[PDB]
Amino acid sequence: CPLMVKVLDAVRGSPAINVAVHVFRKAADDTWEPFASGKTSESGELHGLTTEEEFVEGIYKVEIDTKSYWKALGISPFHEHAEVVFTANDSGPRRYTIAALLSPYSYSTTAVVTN
Amino acid sequence: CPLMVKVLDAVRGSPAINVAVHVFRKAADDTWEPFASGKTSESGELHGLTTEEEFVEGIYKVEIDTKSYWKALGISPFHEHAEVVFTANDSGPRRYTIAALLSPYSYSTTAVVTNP
Amino acid sequence: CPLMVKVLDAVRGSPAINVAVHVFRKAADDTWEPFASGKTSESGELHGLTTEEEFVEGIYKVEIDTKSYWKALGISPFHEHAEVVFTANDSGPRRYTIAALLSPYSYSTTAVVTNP
Amino acid sequence: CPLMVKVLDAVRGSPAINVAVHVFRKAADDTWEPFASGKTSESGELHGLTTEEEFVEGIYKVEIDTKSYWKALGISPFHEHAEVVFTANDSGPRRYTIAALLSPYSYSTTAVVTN
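By the method listed in its record, X-ray crystallography, this PDB entry was determined to a resolution of 1.900 Å.

### Points about the UniProt feature "binding site: L-thyroxine" in chain A
Residue and element names in this part refer to chain A. Residues given the UniProt feature "binding site: L-thyroxine" here are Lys-6, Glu-45 and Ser-108. Those annotated residues that line the largest cavity are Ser-108. Locating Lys-6 in the fold gives a position in strand β1 (residues 3-9). Not counting residues within four places of it along the chain, the set of residues in contact with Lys-6 comprises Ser-43, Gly-44, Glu-45, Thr-97, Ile-98, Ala-99 and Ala-100. Side chain to side chain, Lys-6 and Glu-45 meet in a polar contact 2.8 Å long. With respect to the helices and strands, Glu-45 occurs in strand β5 (residues 45-46). Residue class for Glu-45 comes out buried when judged on its relative accessible area of 17%. Those residues within four positions of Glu-45 in sequence are excluded, and the remaining contacts are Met-4, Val-5, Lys-6, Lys-39 and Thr-40.

### A look at the packing of aromatic side chains
The tally for this structure, following the rule as stated, stands at 42 aromatic pairs over all chains. Aromatic side chains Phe-35 of chain D and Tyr-60 of chain D sit 5.2 Å apart centroid to centroid with 70° between the ring planes, which places their arrangement in the edge-to-face category. Taken together, the residues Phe-35 of chain D in strand β4 (residues 32-39) and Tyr-60 of chain D in strand β6 (residues 58-64) connect sequence positions 25 residues apart. Ring pairs connect the aromatic residues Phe-35, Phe-55, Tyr-60, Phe-86 and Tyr-96 of chain A together with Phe-78 and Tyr-105 of chain B, which therefore count as one cluster. When the ring centre of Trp-32 of chain A is taken as origin, the NZ or CZ atom of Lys-26 of chain A, which lies over that ring, is 5.3 Å away.

### A closer look at the pairing of strand β4 (residues 32-39) of chain A
Residue and element names in this part refer to chain A. Here 7 bridges tie strand β3 (residues 20-26) to β4, and the two strands are oriented antiparallel to one another. Across the sheet, residue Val-23 finds its bridge partner in β4, namely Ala-36. Connecting β3 to the antiparallel partner β4 that follows it, the hairpin turn spans 5 residues, and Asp-30 within it adopts a positive phi of roughly 60°.

### Looking at the interface of chain A and chain B
Of the residues lining the interface, 21 residues belong to chain A; the matching set on chain B comes to 21 residues. Considering only the surface of chain A that becomes buried against chain B, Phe-78, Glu-80 and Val-85 of chain A emerge as the three largest contributors, covering 31% of it. Counting the contacts that link chain A with chain B gives 14 residue pairs in polar contact. Secondary structure elements with two or more residues in the side of chain A that touches chain B: β7 (79-88), β8 (95-103) and β9 (106-114) of chain A. With 8 residues, β7 of chain A is the largest single contributor of residues to the side of chain A that touches chain B. When its residues are assigned to classes, the side of chain A that touches chain B shows 11 nonpolar, 7 polar and 3 charged. Direction of pairing for β9 of chain A relative to strand β9 (residues 106-114) of chain B: antiparallel, over a ladder of 5 bridges. Paired with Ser-108 of chain A across the strands is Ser-108 of chain B, a residue of β9 of chain B.

### Side note on the layout of surface pockets
Volume-wise, the largest pocket comes out at about 1,000 Å³. What lines the largest pocket is a set of 41 residues, and nearest its centre among them are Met-4, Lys-6 and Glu-45 of chain A together with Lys-6 and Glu-45 of chain D. Of all the secondary-structure elements, those providing two or more residues to the lining of the largest pocket are β1, β8 and β9 of chain A together with β1 (3-9), β8 (95-103) and β9 (106-114) of chain D. For the lining of the largest pocket, the per-class residue count stands at 21 nonpolar, 12 polar and 8 charged. Lining the second largest pocket are 34 residues; nearest its centre among them are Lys-6, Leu-8 and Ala-99 of chain B together with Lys-6 and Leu-8 of chain C.

### Overview of the pattern of salt bridges
For the structure on display, the rule yields 22 salt bridges over all chains. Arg-12 of chain B is paired through a salt bridge with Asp-9 of chain B; the nearest N and O atoms lie 2.8 Å apart. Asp-9 of chain B gets classed as buried once you look at its relative accessible area, which sits at 0%. Across the pair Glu-45 of chain D and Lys-6 of chain D runs a salt bridge whose closest N-O atoms are separated by 2.8 Å. A residue pair is termed long-range when its members are at least 10 positions apart, and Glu-45 of chain D in strand β5 (residues 45-46) and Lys-6 of chain D in strand β1 qualify at 39 residues. Overall, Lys-6 of chain D belongs to the partly exposed group, its relative accessible area being 23%.

Cut-offs and rules
- Residues numbered from 1 in each chain as written, not as in the entry; some residues may be left out.
- Chains lettered and ligands numbered in written order.
- Heavy atoms only, no water.
- UniProt positions renumbered as here; feature names shortened; annotations may be inferred.
- 1 Å grid on protein atoms, 1.4 Å probe; cavity = no way out; pocket = protein on both sides within 12 Å on 5 of 7 lines; lining within 4 Å.
- Helix = DSSP H or I, 4+ residues; strand = E, 2+ residues; numbered from the N terminus.
- Contact = heavy atoms within 4.5 Å.
- Polar contact = N/O pair within 3.5 Å; in protein donor to acceptor, adjacent residues only side chain to side chain.
- Buried < 20%, exposed > 50% of the residue type's maximum accessible area, 1.4 Å probe, protein only.
- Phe/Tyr/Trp six-rings, centres within 6.5 Å; stacked < 30°, edge-to-face > 60°.
- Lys NZ or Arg CZ within 6 Å of the ring centre and 35° of its normal.
- Pairing = 2+ DSSP bridges.
- Buried area = accessible area lost by both parts, 1.4 Å probe.
- Nonpolar A, V, L, I, M, F, W, Y, C, P; charged D, E, K, R; others polar.
- Points joined across faces, edges and corners; volume = space filled by probe spheres on them.
- Salt bridge = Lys/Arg side-chain N within 4 Å of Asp/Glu carboxyl O.

This is the structure:
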């Protein structure tokens, strides 16, 4: 599991469950090509987005549908979505946990890069 | 004026100075069209990006070039930038302060939205 | 002046208004002795807590009563307060902005430290 | 495991390893009585602080020795330590994950309260 997304809800103090997450890889013409997606689990986690072989070096965007999340909770969100854009190495894998802490008008994202 | 970007460096406890900030507005159309850009001042603030009249309803993207910031300080950061995307002025003109707090492997962004 | 506390509400995207803030300084002695206190204004800022001369070297504790803030908005928050503890003026007088960004189950605090 | 502490390093994008954490419970005379402590593991986590029976309702302080952490990494920290003070319920357990994201001049703490 080279890429994992964990999303937390700072309002409810809970995993952010059922948050849509899209992953894009930057194509040669600089467009975002869809790569992977899923919804965060009961634990606010999204595993199995990619595999080591598929998760090559490149620029990746993780788009977290924070707006729909806040919408479902009846809370006015500010952001359309939380985007995390990063280069996957050099030098090598490396597992990536993209942690997002969500509030209606604020989010943080943190990369926990291990091995 | 109606849009300000304030950037802090969570490593130094300082304004993040000379941080490039690009603002885009989503067109008809769905493409991001260049709206405004600037750099943060010595206070980490970027003022004067737009005017109440120019800053109409829309979906705006504020792209903060955090990577160049960190790289100019010798740090290979995780993120390419900090991008903040939001609908502005949906229920009337507001002032938006887009705050980013930067760490090499983390940023937060906070919107402070006021009336006018 | 040398110490300012700025509090934001990450749920509303607003200054956190009327937030009680208590500042303590560690005495000789190891006890926290009451240094200053105040409430945040409509800008979420608390100015005038101290003066350069009063704000000497020390370990300071800024206790932000986030609980009362959230509870006055109907929310049972997680934290009792946001407490920021730091050594001030170790290498000379500085200006300290203590920023807190509040969510019912999370806060961040950021120090912006400048010269003078 | 009713109380868990997870600490992340926003500078290195890594678990904050070997971070001293003290847990205090507020005594009747409002003093902080030491309750539990440990050091975050390789995964930036600290488990086994307490048990359901011992982790009664009360006001608890989790003190995270962020300063020594930054000291060991040769980075000037601002804070003496990250303190998290909270009431353990009502109404009941409930597992508490106290997540702290650390930077030299900023930290966030988030409570992930489940069940």
